[PDB]
Structure formats: structure tokens, C-alpha cells
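Student: After the C-alpha cells below, expect a handful of questions from me.
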Amino acid sequence: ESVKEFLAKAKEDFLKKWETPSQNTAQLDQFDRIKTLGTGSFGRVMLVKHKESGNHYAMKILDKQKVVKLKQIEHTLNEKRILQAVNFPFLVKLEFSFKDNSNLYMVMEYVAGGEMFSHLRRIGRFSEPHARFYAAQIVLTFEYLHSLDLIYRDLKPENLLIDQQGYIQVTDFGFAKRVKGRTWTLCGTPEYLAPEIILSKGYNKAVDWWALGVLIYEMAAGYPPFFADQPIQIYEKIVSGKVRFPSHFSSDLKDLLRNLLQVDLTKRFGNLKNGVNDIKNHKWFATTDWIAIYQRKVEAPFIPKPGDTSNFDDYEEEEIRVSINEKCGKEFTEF
Amino acid sequence: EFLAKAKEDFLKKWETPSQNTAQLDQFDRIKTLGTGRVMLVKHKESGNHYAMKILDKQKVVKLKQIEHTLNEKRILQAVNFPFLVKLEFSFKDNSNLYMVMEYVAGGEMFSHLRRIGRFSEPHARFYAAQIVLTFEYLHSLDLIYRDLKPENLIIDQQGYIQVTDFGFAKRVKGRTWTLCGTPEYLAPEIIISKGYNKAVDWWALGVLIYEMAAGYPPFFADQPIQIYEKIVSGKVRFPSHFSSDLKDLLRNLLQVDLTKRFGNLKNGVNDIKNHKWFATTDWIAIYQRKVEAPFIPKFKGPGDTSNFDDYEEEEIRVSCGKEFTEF
Amino acid sequence: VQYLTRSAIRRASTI
Ligand SMILES: [Mg+2]
Ligand SMILES: [Mg+2]
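Protein chains in written order, with this note's numbering: chain X, 21 to 355; chain W, 182 to 508; chain R, 559 to 573.
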């Protein structure tokens, strides 16, 4: 199976860069600071132009001191260390990284289309061939990531960026862990959490299969399967398990979701011995060409409108000052 | 005039405190109330019940909390206000600090809120007014409380709020930088490290009011960092059942912009006290506690802890002393 | 049923 063969060349390469992460692949003065695309609690994201190439990138400036104050040290190293070892069409690309006395830097491909969350909200919902298009992309990405013993743990619409070509690109690996065994952290959003997680059972990759089940549902309906304005009720409703499908759900879609949204870890699609094949063959994915999608030779249902931050917000623009003094030097040397 | 005198007696006490007015062998430690550890105690002689906060000298140190704890003690013992728990005694049994306070048998607001889910706006308004006044009091002494939240507000027998946990209160004419509090209640300034002031409590009030009315707090997640991101976003969605006047108030309280945050402007509290949500509030009436509580916890008699959860009881024995000289 | 979500359990002060 070319499928099995390609994931090994992939494991291999992931593994090289994983043992030997790439550091300082650029520096601040190679870029022009155009615009602040977003802000956070220990960093922001800036639209930049690489001076020599003339290409635009989304650049992440993490204030090293803030990162330590908020205890995000390894979460930070971990995301960087992962993005930098990873390579697949539908994951945002880390082009360059590097650091100052003051900051940490992560230059990503700029994806202007914004995130599926807004779009889905904007337009209400997605046709099933529409939803299936995005769904196909996730299945592959998980197949890839899981191959590397990586749990994503953060599937949700606002984490799926939509490129000019209309394809999904996954962002934010803060909570992704390389885990052979089982793990216990509560971290992903309430609507996408699997029963196991909520019961502090100690979960594994099958969680992402649960979450995919939720994404598909929301993409097809315009709301998640376990919704409630009260946080605690979101949790109860998941553990309960009762899922109702809008009239307009193909019998195929219903069947998929029953197998994805499945408490019985022994019967959940993804965790069985037949693997992702159970999903990739399911009757709801008959009209989908898996290698064409991987190669992006499949026409996308939607496309979003040299910059500019059109589909973004406006923010108070701050100087990127750098101390003459090296800050928190010891704890980030692995970056 | 009042504040003037309150600012006086608070000063007198703040510079002539009381220490070691009791001893461990004067109470029969009945049960654990909360979790450090707090125990329901009953005094031998008096026979009255109190709540005894027992602080482990060595974890305090190992956790670098000496100023903070020397502090709550110092402040608790010097404040006087209808909705502030009274410190009745204090002393160190040579291995851990002991603060003895009035017992407030009604329980955390927390457990009642979770049990019920959410209070009505009139119920919520009743509590809010009390904190609004308690903060005015406290700010007037130039104090910042910095630990507002349901699990820190006890309901007394009449259904009036009693504030415990002064763990993080500091006297701050000016500005401070310490990052403490509890994630869901932190204002952007304190997360964001460009220093902050007492306006941080009014933001917290907005969080409490919202959580009371709604049942959950405005910025919610299962990890603090995620909560911080939501707070910095500063973006808030309100339940549809929220009244418009309620919606208004929270927008003014949960203002990132210190320049338009209610309570931190020209009229101080009066902007809050005079807002349309509070129209039906007799503030002098609440201060005197001549308002009938919409809710009263079930108290049976001396020593009932039914309003509190159960907890394992470890023993408290004797064997880091030099550091608490003035405790 | 005891859910460990910060929407159910007592939230501890930022240590
Ligand atoms: Mg407490
Ligand atoms: Mg405390």
C-alpha cells in the first residue's frame, strides 16, 4: 500500500528533525512589519514581508518573559519543536524560527482566508459534499499525525484556516502531545471532548476521531451535536450520548456519525484494527478521491477574497522593542 | 463623614494590632470546613463555635507566602465592616499559624450557585450591592482585595455575604504588579503585566455578577492559559435571559479600557450605585441589613456543617519560626 | 457523577 509506504518516509523524516530541531533559521531584520493580525497574553501575530523574497508571512512574537510568567515554557517549546519536525499539505507551515534577548519568533505561511468558524457562522451550514470536502482533509491529517504518535487534542472550527486555494490548513499545536500510551490532561473545547476525557479515564488518539465526528456534525448542521449555553450541560450531554440528527442527514452521514461519536472505544471508527480504512471506505466517502485531495487536485466549494488584513481585526500597534539585556536565556535555549 | 471615621479606626487598629489572644487547647476541633485547611472549632470556656484557619508554617515558607499571610492576618484584624468576617483570635502553636474567625454556617455562595445553577437578577443584585459597598469601604482604605469569587463569599445566617480569604489583599496607594487572584476573575491588566490598581476589583465584580446571573463566568475554559486568552480578547457573549440593564452594567464593568471602566472614573462607585440595574436598591438599607434576604441557608443549630462539603481529617501536631516574628 | 471541569469544581487561587 502506497499509503503505508508514504507514512514511513514520513515517520523517518519527522524523526530526523524531531531529534535534531532546526534553530535560528532567520532574524528580525529580514522582515518588514506591516500589521498586527492578532494579540494574546504573552505574544502577538504580525503580518510581515520578507524583504528579499517579497513574500508575506504571519509572524508570532512571543515575549519570553511573559511566557515564563504564565508558565507556558514547555507548551511553547513543545509546539515549536513539533511544527518544526512536521510536514503535511494541510498543516500550517513553520518557515522560520529564531529569538532575541527578548522574544521568540515563529514565521508561518500567511493564510488570509481566515478560519472555518467564521465562514460556517456567516453562511449557516455546509452541504454534505461541502462538509465532506473539509472532512476528507482532516481524516488524512489525523492519519498522518497519528502515524507519528501525535494526538492533536484541539479539533474545532476556529483552528481550521482556509487558504486562497480553498483547502483547510490546521493551526495551533499548543496542546498536541507525542504519546505512545495514554494521557490525562483536560484541554480541548467542551463541545469536542470525548466521553473518556470528561470521565478522567485516561485517553488516546481515538479522541481525535471523536472530535472529527463532532466537526462533521457541526459542519453539516451549523451547530455542534452537544450544544448548550451552560458549560456544565455541554459535559453532561456528551456523557449521556443521545444525539439527534436534523431531518436532512443522509442515512450514510447518520451511520458515520454513530461510529465516530461512539463511547464504546472498542467500536469507535479509528481505534479498531481496520484503522482509518473503516472511515475511508464508509459509504459516506464513496464519492471522494483520497490521493487527489492530498494532491489538491479536487475543486473546492468555496474561496475567500499583497495583504491586506481584510478578513482580520485592527489592533493598537506596539513597537517590537528588544532589551539590550538577554532575558530568560537559560530556559529557552532549546528553541 | 462615615468613611472618614472608618478610615480612622482602621488606621488605629492597623498600627496597634493584636497577636496570640488564644491557644490550641481552648477548642475541640470538631470538623474540617474547607480546603490549606479550615476547621469548625468550639471554644472550651466560651463554648461558642468559631472557624479556625490553620496555616502550615513550612508550606507557607516553601510556597513563599510569608508577606501574604502575615498580611491577611494584619488586615483582617484591622478592618471593620458589616460584610467582612470578624477575626476573633490568632496565635501560632509553634508549627503553624492559627486564625480564628466568626463561623459563618451558611456555606460558600459557590455551592448554592452550583446547586441551583443560577440566581435571579434580583437575588444576584442583592449580593452585588453588598460587595459594591464592601469594596468602597476597602478602596477607601486604599486596599485591593484581589480574590473575589463565589467560593470566597460565605452566606451568613440572615443570608448576607461574609468575605473570607484575604490571602491576596494589599494596601496600595498607587500601583502593584503581583500576579495573584483566580484565573476566571483576573482583569486584563494583571495578566498583561504593565502594572495595575484597585480598578481590578470592579472588573472582578463584573465577573461575579455575570457568573451569579448566568451560572458560569464570562471567560471560561478548563485551563488558565485558555482563560487568559479569552480575557485578553475581552470579548463577551451574554445569555438571552439577561436584562438589558444587566447587559449594560457588565459592558461598563468588563471594560479593558481603564478610562471607561465603571468605578474607575470620576464618580467612582456612584456610576455603579446610580446605574439603572441598581435602581431598586436602597443602599443604606443594605448596609444596615434591613433588607429581607431572598434566600436563607438551612441552619439547624450550633455546630451544623450541612452547608459544607465533607473532607478528610488529618491530625494537626507539633514537633520555620523565625520568619513570622510579628504574626 | 463528578466532572473535573472548572465549570463544576471549586477554582483554586492562581498559586
Ligand atoms: Mg480560599
Ligand atoms: Mg487565599
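For every residue, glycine included, the Cβ atom is placed at its ideal position computed from N, Cα and C.
Quick one: grab the DSSP three-state call for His76(X).
Tutor: For the purposes of this step, residue 76(X) is taken as residue 56 along the first sequence, with counting starting at 1. Looking at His76(X) - three-state DSSP - the assignment turns out to be strand.
Student: What is the rounded straight-line gap between the Cα of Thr209(X) and the Cα of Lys176(X)?
Tutor: Numbered from 1 along the first sequence, position 189 holds the residue referred to as residue 209(X). Numbered from 1 along the first sequence, position 156 holds the residue referred to as residue 176(X). Roughly 8 Å separates the two Cα atoms.
Student: For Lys36(X), return the contacting residues in chain W, with the cut-off set at a CB-CB distance below 8 Å.
Tutor: Start at 1 with the first residue of the first sequence, and residue 36(X) comes out as number 16. Simply none; closest approach about 31 Å.
Student: Three Cβ pairs or more, each shorter than 8 Å: is that satisfied between the region 315 to 334 of chain X and the region 130 to 139 of chain X?
Tutor: Short answer: they touch.
Student: Is residue 12(X) helix, strand or coil when you go by DSSP?
Tutor: This structure gives no information on residue 12(X), because the portion of chain X shown stretches from 21 to 355.
Student: Quick one: residues in its chain with C-beta nearer than 7 Å to the C-beta of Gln315(X), no 5 flanking neighbours on either side, listed in chain order?
Tutor: Residue mapping note: residue 315(X) aligns to position 295 of the first sequence, counting from 1. Correct list: empty, nothing qualifies.
Student: Could you tell me which whole beta strand (DSSP E) segments of length 3 or greater appear in the region 28 to 78 of chain X?
Tutor: For the region 28 to 78 of chain X, whole beta strand (DSSP E) runs of length 3 or above, ordered along the chain, are 51 to 59, 63 to 70.
Student: Listing by chain order, which chain R residues have their CB less than 7 Å from the CB of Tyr397(W)?
Tutor: Position 216 of the second sequence, counted from the start, is the residue given in the question as residue 397(W). Result: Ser565.
Student: Tell me the start and end of each unbroken alpha helix (DSSP H) in the region 294 to 357 of chain W that is at least 4 residues and wholly inside, in chain order.
Tutor: Those alpha helix (DSSP H) runs which fall completely within the region 294 to 357 of chain W and span 4+ residues are 302 to 321.
Student: Between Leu431(W) and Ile390(W), how many whole angstroms is the CB-CB distance? I'm expecting something under 8 Å.
Tutor: Here residue 431(W) is taken as the residue at index 250 of the second sequence, counted from 1. Here residue 390(W) is taken as the residue at index 209 of the second sequence, counted from 1. The pair is a contact, with the Cβ atoms about 7 Å apart (cut-off 8 Å).
Student: Less than 6 Å between the CB of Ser61(X) and some heavy atom of ligand 2, yes or no?
Tutor: To locate residue 61(X), count along the first sequence from 1; it is residue 41. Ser61(X): no, Cβ never under 6 Å from ligand 2.
Student: Between the Cα of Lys69(X) and those of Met79(X), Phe62(X), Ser61(X), spot the shortest distance and give me the residue it belongs to.
Tutor: Along the first sequence, read from residue 1 onward, the residue named residue 69(X) stands at position 49. Minimum Cα distance to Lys69(X) is reached at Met79(X).
Student: Specify, as a first and last residue, the run of the alpha helix (DSSP H) that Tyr164(X) falls within.
Tutor: Taking the first residue of the first sequence as 1, we reach residue 164(X) at position 144. Taken as a continuous stretch (DSSP letters only), the alpha helix (DSSP H) holding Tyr164(X) covers 148 to 167.
Student: Is it the case that the CB of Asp328(X) approaches a heavy atom of ligand 1 more closely than 6 Å?
Tutor: In the first sequence, counting from the first residue as 1, residue 328(X) sits at position 308. Checking every heavy atom of ligand 1 against the Cβ of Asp328(X), none is found closer than 6 Å.
Student: Just curious, the beta strand (DSSP E) that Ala232(W) is in, first and last residue?
Tutor: Position 51 of the second sequence, counting from 1, holds the residue named residue 232(W). Taken as a continuous stretch (DSSP letters only), the beta strand (DSSP E) holding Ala232(W) covers 230 to 237.
Student: Less than 7 Å between the C-beta atoms of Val417(W) and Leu434(W), yes or no?
Tutor: Here residue 417(W) refers to the residue found at position 236 when the second sequence is read from its first residue. Here residue 434(W) refers to the residue found at position 253 when the second sequence is read from its first residue. Against a cut-off of 7 Å, the Cβ pair of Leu434(W) and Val417(W) comes out as no contact.
Student: What do you reckon, are the CB atoms on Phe118(X) and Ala30(X) nearer than 7 Å?
Tutor: By 1-based counting over the first sequence, the position of residue 118(X) is 98. By 1-based counting over the first sequence, the position of residue 30(X) is 10. For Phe118(X) and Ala30(X), no; Cβs fall outside 7 Å.
Student: Going by the CB atoms, is the gap between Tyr231(W) and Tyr284(W) shorter than 7 Å?
Tutor: Your numbering for residue 284(W) matches position 103 in the second sequence. Your numbering for residue 231(W) matches position 50 in the second sequence. Taking 7 Å as the Cβ cut-off, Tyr284(W) and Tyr231(W) qualify as a contacting pair.
Student: Which stretch, first to last residue, makes up the alpha helix (DSSP H) that contains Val234(X)?
Tutor: Here residue 234(X) refers to the residue found at position 214 when the first sequence is read from its first residue. Taken as a continuous stretch (DSSP letters only), the alpha helix (DSSP H) holding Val234(X) covers 226 to 241.
Student: Along the chain, where does the beta strand (DSSP E) that runs through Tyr125(X) open and close?
Tutor: Position 105 of the first sequence, counted from the first residue, corresponds to residue 125(X). It spans 123 to 129 - the beta strand (DSSP E) in which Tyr125(X) sits, taken as one unbroken run.
Student: Quick one: is the Cβ of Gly348(W) within less than 6 Å of any heavy atom of ligand 2?
Tutor: In the second sequence, counting from the first residue as 1, residue 348(W) sits at position 167. Under cutoff, so the answer is yes.
Student: How long is the line joining the alpha carbons of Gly217(W) and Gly295(X), rounded to whole angstroms?
Tutor: Sequence index remark: in the second sequence, residue 217(W) carries index 36 (1-based). Sequence index remark: in the first sequence, residue 295(X) carries index 275 (1-based). Approximately 48 Å, taken between the alpha carbons.
Student: Looking at chain W, which residues of the region 40 to 64 of chain X have a Cβ within less than 7 Å of any of its Cβ atoms?
Tutor: From the region 40 to 64 of chain X, only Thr59, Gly60, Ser61 have a Cβ closer than 7 Å to chain W.
Student: Assuming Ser61(X) and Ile372(W) make a contact with CB atoms under 8 Å, what is their CB distance in whole Å?
Tutor: Position 41 of the first sequence, counted from the first residue, corresponds to residue 61(X). Position 191 of the second sequence, counted from the first residue, corresponds to residue 372(W). Indeed they touch by this definition, with Cβ atoms about 5 Å apart.
Student: According to DSSP, is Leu205(W) helix, strand or coil?
Tutor: Locating residue 205(W) in the second sequence gives position 24, counting from the first residue. DSSP places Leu205(W) in helix when its eight states are reduced to three.
Student: So that I know if they touch, is there some Cβ in chain B lying closer than 7 Å to that of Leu206(X)?
Tutor: The chain labelled as chain B is not found among the protein chains of the depicted structure, namely X, W and R.
Student: The alpha helix (DSSP H) that contains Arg218(W), what's its start and end?
Tutor: The count along the second sequence starts at 1 and reaches residue 218(W) at position 37. Careful: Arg218(W) lies outside any alpha helix (DSSP H), inside the beta strand (DSSP E) at 218 to 223.
Student: Excluding the 5 residues preceding and the 5 following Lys113(X) in the sequence, name in chain order all residues of the same chain whose CB lies nearer than 7 Å to its CB.
Tutor: Here residue 113(X) refers to the residue found at position 93 when the first sequence is read from its first residue. Result list for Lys113(X): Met128, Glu129, in chain order.
Student: Determine the contact status of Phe270(W) and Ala203(W), defining contact as a CB-CB distance below 7 Å.
Tutor: On the second sequence, residue 270(W) is found 89 positions in, with the first residue counted as 1. On the second sequence, residue 203(W) is found 22 positions in, with the first residue counted as 1. It is a contact, given that the beta carbons lie within the stated cut-off.
Student: Going by C-alpha to C-alpha distance, which of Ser227(W), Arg306(W), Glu189(W) sits closest to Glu473(W)?
Tutor: The residue labelled residue 473(W) in the question sits at position 292 within the second sequence. Out of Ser227(W), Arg306(W), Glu189(W), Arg306(W) has the C-alpha closest to the C-alpha of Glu473(W).
Student: With 7 Å set as the bound, which would you pick, yes or no: does the beta-carbon of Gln246(W) sit closer than that to a beta-carbon of chain X?
Tutor: Numbered from its first residue, the second sequence carries residue 246(W) at position 65. No, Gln246(W) lies away from the interface with chain X (no Cβ there is under 7 Å from its Cβ).
Student: If distances are taken between C-alpha atoms only, which option among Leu276(X), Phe51(X), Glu216(X), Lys37(X) comes closest to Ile340(X)?
Tutor: Start at 1 with the first residue of the first sequence, and residue 340(X) comes out as number 320. The shortest C-alpha separation from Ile340(X) is found at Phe51(X).
Student: Whole-angstrom Cβ separation of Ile218(X) and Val259(X), contact assumed at under 8 Å?
Tutor: As a working note, residue 218(X) is residue 198 in the first sequence. As a working note, residue 259(X) is residue 239 in the first sequence. Going by Cβ atoms, the distance from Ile218(X) to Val259(X) rounds to 6 Å, so yes, they are a contact pair.
Student: By the 7 Å beta-carbon criterion, what residues does the region 406 to 422 of chain W contribute toward chain X?
Tutor: Result list: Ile406, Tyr409, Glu410, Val413, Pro420.
Student: Going by C-alpha to C-alpha distance, which of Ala28(X), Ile54(X), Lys37(X), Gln43(X) sits closest to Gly327(X)?
Tutor: Sequence index remark: in the first sequence, residue 327(X) carries index 307 (1-based). The candidate whose alpha carbon is nearest that of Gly327(X) is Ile54(X).
Student: Considering only heavy atoms of ligand 2, does any lie closer than 6 Å to the CB of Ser301(W)?
Tutor: Counting from one through the second sequence, the residue named residue 301(W) turns up at place 120. Outside the cutoff, so no.
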